[PDB]
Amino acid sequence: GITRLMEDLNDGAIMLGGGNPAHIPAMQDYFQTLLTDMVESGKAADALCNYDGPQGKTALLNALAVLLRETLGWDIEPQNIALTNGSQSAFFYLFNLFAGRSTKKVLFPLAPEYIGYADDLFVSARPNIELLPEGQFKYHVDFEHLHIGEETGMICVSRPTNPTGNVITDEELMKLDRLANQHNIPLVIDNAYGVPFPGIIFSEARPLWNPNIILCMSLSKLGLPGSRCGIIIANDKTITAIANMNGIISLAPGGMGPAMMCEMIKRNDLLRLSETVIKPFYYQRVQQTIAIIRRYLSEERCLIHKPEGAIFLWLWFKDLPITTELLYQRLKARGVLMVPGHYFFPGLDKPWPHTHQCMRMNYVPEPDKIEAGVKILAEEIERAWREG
């Protein structure tokens, strides 16, 4: 299933099934100038020609520590930070450190989640659904049926979330934090899209960190998908354990990402760009894309998860009389690619027809491409309701 999807998603197509960020003109200009300065000062060469240069992993651990300490008041030191090749390698280490053979599992208390899609070890909890105005909706943690036991090795959430754009509420997160502490297991939060960088969040969300939290951050959604710089923030024992693993599997970041981050932090540009350039760009783009969708599909044929952050729209074709696996084939035959939703719910205790009524799209591509894709989508949704 996923292998074919990956093949399709690679091999005038309207490609709305990917996870790459936008090319924001102001950001491209910023990076071009930054790179020009760094090459001219010798810093680019230092980054590539040294295993751990003056702006290497070590300088960055110090810079990130100072940044988080001074901007948010978090008691972080370099010993609380580890760097990886990206988000996905970060989770591979965590899963190995806390899950597997007693045999422990990773609990996703608020499915759907992307890492489950990307990678018997995963257990997804079915979320509650809150219907919202304008044909929107929001998933919630169902605490009444949330099962955490001796076999749970870690609790994992993202904020904001790929694929829904959901932002788990302060109350939900604090409850999960209390449960994790009570069960002596870590609460892992994927912050690839959140604050302080890249800041692709459109809703309220109080930041959270304490020694029982493992926080994953990344440089890629800043508009540097070609750099490979994942960041893990955790208690020093966890960081030490991660140190060892990265030493063996060797999925450390290259030098250019860390060097660029050091420079952006030094110039006091990292937070500024996230809040004043990146966030507004995506907020406008998500609003424009919803408006395009609504010209073709009402709430009677498409419910949209409230877009609280990240770069996706999660579409729920409520009561669609065919599956989105079938819809996907029909769209593909017409040159439109989106991701079937079922793939983001691995490990549910019980099957749920809902998983076959959703799809994920990326709202970043140019609007003419978005509109052409949406027009075809609406035609296929109409066809399904008319004739199966």
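So that there is no doubt, residue numbering starts at 1 and follows the sequence shown.
The gap between residue 119 and residue 120 holds 4 to 9 unmodelled residues of the deposited sequence. Counting the unmodelled positions of the deposited sequence between residue 101 and residue 102 gives a gap of 4 to 9 residues. Taking only CA atoms, the mean B-factor in the PDB entry is higher for 48-56 than for the other of 24-32 and 48-56.
Mean CA temperature factor is higher for 249-257 when stretches 249-257 and 308-316 are set side by side in the entry. In this entry, the residue among 290, 187, 115, 297 with the greatest C-alpha B factor is 115. In this structure the maximum Cα B-factor among 151, 130, 172, 134 is found at 151. In this PDB entry, residue 380 carries a Cα temperature factor that places it within the lowest third of its chain's modelled residues.
Placement of the Cα temperature factor of residue 343 within the chain: highest third of the modelled residues, per the deposited record. Annotation for residue 40: CA B-factor lies in the middle third of the chain's modelled residues. Among the modelled residues of the chain, residue 138 sits in the lowest third by CA temperature factor in this PDB entry. Among all modelled residues in this chain, the alpha-carbon of residue 13 has a temperature factor (C-alpha) in the highest third.
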